[PDB]
Ligand SMILES: O=C(O)CCCC(=O)O
Ligand SMILES: O=C(O)CCCC(=O)O
Ligand code: SF4
Ligand code: SF4
Ligand SMILES: [Ca+2]
Ligand SMILES: [Ca+2]
C-alpha cells in the first residue's frame with residue numbers, strides 16, 4: 001500500500017486506552033482522505049450522539065498528500081458532529097501537525113470519550129501518550145503552543161484550543177501557529193467538551209510512495225508554475241485581503257449584519273491599508289505562496305489577517321479602522337473562536353440592540369463595546385455573552401429575531417452578501433456543513449472578475473456550476489487534503505492533482521473517478537444530516553437567509569434589488585436533479601446505490617421515505 | 001505484601017521499552033529499600049560498566065516510609081555507579097517526587113541506556129512515557145521545573161539536572177523544588193549522560209498498609225514530640241546554619257581549603273546573619289520542622305542555605321560575606337552541582353594559585369573570581385573550569401597537588417575539619433560512598449556539645473560509635489527512607505522507626521535486625537567497590553587526607569595540633585575488626601555468609617583472595 005498508511009490512530013480519553021486501527025485499502029481509495037475518511041467514521045461511529053457528550057468523535061484526518069513535500073499540501077481536516085448545527089461538521093487548517101501526524105505513521109487520529117482533567121495528546125511516531133494539561137487549561141492558544149514547544153522543541157506540530165473552546169462556545173475552533181484555524185461548526189467546542197487542551201505531534205517516518213521520481217518532478221513543476229504566475233506578485237502582497245475592495249465594488253461586502261453590500265469606510269480596512277500595516281508574512285507547510293499576513297493592531301500586537309476575518313469583524317460590524325478590527329481578530333485567535341460566526345453573532349446583537357429588541361449591548365461602529373462582547377463570549381460572562389456564544393440561530397429563537405439571523409442550517413453566513421447573486425446564494429444554501437463559501441466560491445464566476453485582478465439570473469447552469477465547484481473545493485481538496493488557493497488564486501493547473509495522486513498512491517484516478525468520489529462524500533454527508541435529524545428534513549434546509557428575499561441592497565445601482573423565492577426554488581430543484589436527490593434534498597436509493605452508498609439506505613428508511 | 005509494592009519501574013532510554021519488574025518479598029524485607037534496594041540492584045546490574053556509558057543504571061529508590069504520611073518522610077535516594085569515584089555512589093533529597101513515585105505504585109525507578117535526544121520521563125500511576133525535552137535542555141533546574149509545572153500542573157514531583165549535569169561535571173547532582181539536592185558522587189552527571197533532563201511523577205494510588213490506625217497514632221505522636229522538644233524553636237530559626245559558629249568555636253570550620261579550622265570572618269556568614277537575611281522557609285514533604293531557609297543573595301536573588309553550602313563556599317573559600325556566598329549557592333543549585341565538591345574543587349584551585357603552581361585562577365577571598373570559575377565549571381569553559389569539573393582527586397593527579405587534595409576515595413571532604421578529631425576522620429575515611437558526614441556525624445559526640453545549643465583521644469570505642477552511627481545514618485535512614493534530622497537535631501525517639509515500619513509493612517523489625525540489615529548494605533557496597541576496582545584495594549582507601557596528618561591547626565589553643573597516623577591506623581583496625589573485615593578493608597567470607605551475601609564471595613574471589 002502506497003501513499004496511505006492504512007492506519008488510524010485511536011485515543012479514548014475516558015479509559016486512557018490508545019490503539020491503532022487498520023482500515024481496508026479500498027476504503028482509502030473510495031474516500032481518499034480528509035473529509036472523505038472523516039465522513040465514513042462519523043457515519044459509523046457518531047450515530048445519535050450528543051455533540052458535547054463523550055460519545056462524539058473528534059477527527060483529525062489527513063490525506064495521501066500530507067506528510068510529503070507537495071504544493072501547499074500541509075492542510076488537515078478536523079471533523080465531528082457539530083455542536084452548533086447538529087449535523088455533520090468539519091473545517092480545514094494548515095499546520096505542521098498535518099505533516100507530523102503522517103510522518104508519524106497515521107492517516108488520521110480519532111479521539112473519543114472525555115478526560116477527567118485537562119490533558120493533551122502527545123504523539124511521537126509510535127510513542128503516543130495522554131498527559132496532564134492542568135497547568136495549561138485557561139491559557140490562550142498562542143501561549144499554550146508556546147509553552148508546549150518550550151518543553152518539547154520546535155520540531156513539532158501543535159493543535160490547541162483557547163478559553164472559548166474550554167467554555168464551549170458553539171463556534172469555537174482549533175488553532176495552530178497563532179493564526180491557522182479549523183472547525184467553524186464547533187470543532188473547538190467538541191475538543192473542549194472532552195477536556196482536551198492540545199495535541200502535539202512529531203513524526204520522523206518515511207511515507208511509502210509509488211513513484212518517488214515523478215512525485216518530485218510534478219511538485220517542482222507545480223511550485224514553479226506558482227512562482228511564475230502573473231498573479232503571484234499581487235497575491236504575495238495582499239493575499240485574501242484583496243477581496244475587501246473587490247466585494248465593495250460589487251456590493252457583496254457584508255455591512256452591518258449583511259444589511260448592505262457597500263461600506264463607506266472599506267478603504268480604511270482593505271488590502272492596501274493592510275499592506276502598509278504589515279510586519280511579517282507566514283504560511284502553511286510546503287507553501288511557496290504564503291498568505292498569513294501579519295500586521296500590528298491598534299494595541300501594538302500582531303494579528304494574522306484574512307478576508308473573512310476583516311469583513312465579518314470589520315464592515316459587518318460597521319468598524320472602519322483596520323487596526324481596531326485587528327484587535328478583535330487577534331482575540332478570536334487566542335480565545336480560539338471562529339472570526340466569521342463571532343462577527344455575525346456580534347453584528348446580530350448590534351442590530352437587535354439598535355432595533356430596541358436588546359436593551360444593553362453595543363451598536364455598529366462600537367469598537368470598544370464590540371471588543372468587550374467578543375471577550376464576554378469567549379469566557380461566557382454575563383447574560384449577553386452567553387447568548388451570543390450560542391450563535392445566531394440559537395440566539396434568534398431566544399430573542400425572536402429570525403428576520404436578521406444570517407445562517408444556513410445553523411452556521412453563520414460568510415463574507416459574501418448575495419442579495420443579487422443566485423449562484424453564490426445557492427452555494428451558501430447547499431454547503432454540506434452549513435453556510436460557508438468553502439465548497440463553492442462561485443460569486444467570482446457569477447460576476448466575471450476576481451479580487452486577484462451585471463444582471464441577475466437564475467439560469468439552470470448556475471446549479472451545475474455550484475456542483476462542479478463543490479466537487480473540487482468541497483471534495484477533492486478536502487480529501488487530499490491540499491490548499492485550493494494555488495489553483496483558485498494564481499491559477500495552478502488542476503491537472504497536477506490526479507497525477508500527484510497517482511505518483512503517491514500508485515492508483516490512477518480519472519476526473520470522473522474524482523467527481524464520483526466527491527459526489528459520494530456529498531451524499532453520505534447529506535445522509536448523515538438526515539439520519540441525525542431523524543428524518544425531519546426538506547428543501548427549506550437548503551434555503552439562504554430569508555433577509556436576501558424580504559429586503560435588498562440599500563445603496564448603489566442595484567439598490568432595492570434582492571433574490572426571488574420562486575426562481576431560487578427552481579434553481580435548487582435543478583441542483584437536486586443534478587445531484588440525484590428528491591425535492592426534500594434527500595438522496596435517492598438509486599443515487600446512493602450508484603455511489604456505492606447502499607449501506608446508507610436501510611438506515612435512512614428507518615427515519616423517512618426514500619425515493 | 002504490605003508497605004512495599006514489590007514493584008520496580010524500568011525505563012530503557014536506548015530502546016524506549018518500559019516495564020515493571022516484580023521483586024521478591026525477602027529482597028524487600030532483606031534490603032528494606034532506598035539505599036538497601038539500590039545496592040542490590042547496582043551489584044547485579046552495574047557490573048563492570050563505565051559510569052558514563054549507557055550500561056550504567058540510574059536508580060531512584062524509595063522505601064516503605066515514602067508515599068505515606070510519616071514524620072519528615074518525604075525523602076528519596078538517587079544511586080548509580082559513580083562517575084567521580086568509580087564505586088557505589090548515592091545521594092538523598094527531599095522531594096514530592098518521593099511521595100508521587102510511591103503513590104504511582106512503585107518502590108523505585110531504574111533508568112538504563114541512553115536516549116538519542118534530550119528527553120524526560122513522565123509518570124502518572126500506570127501511564128509512563130518517554131517525552132521529548134529538546135526545548136528544556138540547557139535551562140537551569142529552577143526554570144526546568146517551573147516550565148514543566150506550567151504544563152502538567154503543580155501537583156507533581158519533578159527531579160532535574162542543570163547544565164553541570166548536562167555537561168557531565170563529575171560532582172553534578174539532581175535538583176528539586178529549587179534547593180533540594182541529591183547525588184554528590186555525580187548522579188546528575190549520570191542522568192545527563194543518558195540525555196535525561198528530568199522526571200515528572202504523579203501518584204494517586206492508595207498504598208497497602210498493614211495497620212492503618214497504628215501508623216496514624218504513631219505519626220501523630222512523633223510530630224507532637226518534635227513540636228514540643230526544647231530545640232524546636234531554635235531549629236526553626238537557624239536550621240543547620242547553627243553549625244558555623246559551633247564549628248568555629250571548635251576549630252572544625254573548614255577555612256581556606258581546610259588549611260585551618262577557624263575563620264576570622266565567620267560571623268558575617270553565620271546562622272544569626274542568615275536569620276536576619278531570611279525571606280522564606282521551605283521544607284521536604286511531610287515535615288513539621290522545615291529547615292530550607294531562604295535568604296536574598298548579594299544580587300537580590302532567593303538562595304536556599306544549608307550549613308554545608310556556606311561552609312565549603314564561604315569560609316572554605318575565604319569569602320566572609322553571606323550575601324556573596326548565597327550567590328555562589330544559587331549558582332550551584334540552578335546549574336545542578338554539589339555545593340561541597342564545587343567549593344572544595346575551587347578552594348583547591350585557590351590554594352594552587354596562591355602557591356604559584358597555577359598561573360591563573362582566583363584566590364581566597366576573591367568572590368568575583370570564584371563566581372566566574374563556578375560558572376566556568378558548570379559550562380566547562382576553559383582549561384580551568386574543565387579541570388575543576390573533574391574534582392580534586394583528578395585535578396590533583398593533573399597538577400601534582402596531592403598534598404592539599406581534600407578527598408577520600410575520590411569524593412571531596414564535607415564541612416568538618418578534623419586536624420584534631422579522630423572519630424570524624426574515621427567517619428570520612430570509611431564513608432561507604434566516599435568522603436561525607438552523612439553516614440557518621442560523630443564530631444558532636446566527640447566534643448560533647450552540639451550546634452542546637462577538649463583532648464585528642466583515639467579510644468578504640470570511637471570505632472564502635474562510628475559503626476553504630478553508620479547503621480542508623482548510612483543505613484536505616486537511607487533505607488526507609490526518612491530524614492534523620494528530627495532525631496539528630498531535636499531528638500525524636502528512634503523508637504518510632506521500628507514500630508512505624510512494623511505498622512506499615514506488617515513485619516516486626518528489632519534493632520538487631522536493623523543493625524544486621526545496615527551491615528549487609530555496608531558489606532555489599534564495600535563488595536561493589538572492591539569488585540569494580542578489580543581487586544586493587546587496601547586499607548589506605550579508608551584513610552583521611554594526608555593534610556590532616558602532616559599539618560595542623562594554624563591558630564587557637566590547639567595550634568599546631570594534628571592527627572597521628574599510627575594511632576589512626578589502630579583505630580581503623582578496630583573498625584575492620586568490628587565490621588568483620590580484613591586488614592585490607594575487604595569483607596571476610598564468614599562475614600558475607602553471616603550477612604547472607606554468599607553470592608558475593610564467588611564474585612570477589614575472581615579479583616582477590618578472601619579471608
Ligand atoms: O476570499 C475568500 O474568503 C475566498 C478566497 C477564494 C476561495 O475561497 O478559494
Ligand atoms: O551540619 C551538617 O552538615 C550536618 C547536620 C547533622 C547531620 O549530618 O546529621
Ligand atoms: S496559499 Fe495561504 S492558506 Fe494556502 S497553503 Fe499557502 S499560506 Fe496556507
Ligand atoms: S528536617 Fe529539613 S531536611 Fe529533614 S525533612 Fe525536614 S525540611 Fe527536609
Ligand atoms: Ca488566520
Ligand atoms: Ca538546599
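Protein chains in written order, with the deposited numbering: chain C, 1 to 453, 462 to 619; chain B, 1 to 453, 462 to 619. For every residue, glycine included, the Cβ atom is placed at its ideal position computed from N, Cα and C.
| Asked | Found |
| --- | --- |
| Nearest-angstrom Cα separation, counted from residue 169 of chain B out to residue 311 of chain B | 21 Å |
| Buried/exposed call for residue 226 of chain B, threshold 16 Cβ in 10 Å | buried |
| Continuous alpha helix (DSSP H) stretch holding residue 249 of chain C: start and end | 243-249 |
| Beta-carbon spacing of residue 249 of chain C, residue 306 of chain C below 8 Å | no |
| Contact test: residue 457 of chain C Cβ vs ligand 3 heavy atom, cutoff 7 Å | Any question about the placement of residue 457 of chain C has no answer from these coordinates, since chain C jumps from 453 to 462. |
| Bridge partners - residue 94 of chain C, DSSP secondary structure assignment | C/75 |
| Residue 181 of chain B CB to nearest heavy atom of ligand 6 below 7 Å | yes |
| Sequence-distant residues of its chain with Cβ nearer than 6 Å to residue 478 of chain C (five each side left out) | 439, 440 |
| Contact list for residue 149 of chain C against chain B, beta-carbon separation under 7 Å | 135 |
| For residue 294 of chain B, the residue or residues it bridges with in DSSP | B/280, B/304 |
| Under the three-state DSSP convention, the category residue 438 of chain C falls into | coil |
| Cβ pair residue 58 of chain C, residue 28 of chain C closer than 8 Å | no |
| Residues within the stretch 122-133 of chain B neighbouring chain C, beta-carbon criterion of under 8 Å | 122, 124, 127, 129, 130, 131, 132, 133 |
| Where the alpha helix (DSSP H) through residue 192 of chain B begins and ends | 187-193 |
| Top-ranked residue by Cα proximity to residue 677 of chain B, from B/51, B/97, B/264, B/209 | It is not possible to answer for residue 677 of chain B, since the shown part of chain B is limited to 1 through 619. |
| Own chain residues within Cβ distance below 7 Å of residue 462 of chain C, not counting five before or after | 447 |
| Own chain partners of residue 502 of chain B with C-beta closer than 8 Å, once the 5 adjacent residues on each side are dropped | 480, 495 |
| Coil, strand or helix - residue 127 of chain C by DSSP | strand |
| C-alpha distance - residue 243 of chain B paired with residue 271 of chain B, whole-angstrom precision | 8 Å |
| Residue range of the alpha helix (DSSP H) that includes residue 142 of chain B | 141-152 |
| For residue 204 of chain B, three-class secondary structure by DSSP | coil |
| Residue 417 of chain C classed as buried or exposed, judged by whether at least 16 other C-beta atoms fall within 10 angstroms | buried |
| Spatial neighbours of residue 268 of chain B in its chain, beta-carbon cut-off 7 Å, leaving aside the 5 residues before and after | 320, 321, 322 |
| Secondary structure, beta strand (DSSP E): runs of 3+ residues fully inside the stretch 310-370 of chain C | none |
| Cβ-heavy atom distance, residue 292 of chain C to ligand 5, below 7 Å | yes |
| Residue 289 of chain C beta carbon near ligand 3 (any heavy atom closer than 7 Å) | yes |
| Assigned secondary structure, residue 567 of chain B (DSSP; H/G/I helix, E/B strand, else coil) | coil |
| Cutoff 7 Å; reference residue 23 of chain C; Cβ partners in own chain excluding five residues on either side | 6, 8 |
| Own chain, CB closer than 8 Å to residue 138 of chain B, minus 5 neighbours either side, in chain order | 163, 166 |
| Residues that DSSP places opposite residue 21 of chain B in a beta bridge | B/8 |
| Closer than 7 Å: residue 491 of chain B CB and nearest ligand 3 heavy atom | no |
| beta-carbon residue 304 of chain C near ligand 5 non-hydrogen atom, thresh 7 Å | yes |
| Cβ-based contacts, 9 Å cut-off: residues of the stretch 146-175 of chain C near chain B | 147, 148, 149, 150, 151, 152, 153, 154, 155, 156 |
| Cβ-Cβ distance between residue 158 of chain C and residue 200 of chain C below 8 Å | yes |
| heavy atom of ligand 7 below 7 Å from residue 308 of chain B C-beta | Ligand 7 is not among the ligands present in this structure, which contains only ligand 1, ligand 2, ligand 3, ligand 4, ligand 5 and ligand 6. |
| Helix, strand or coil at residue 33 of chain B [DSSP, three-state] | coil |
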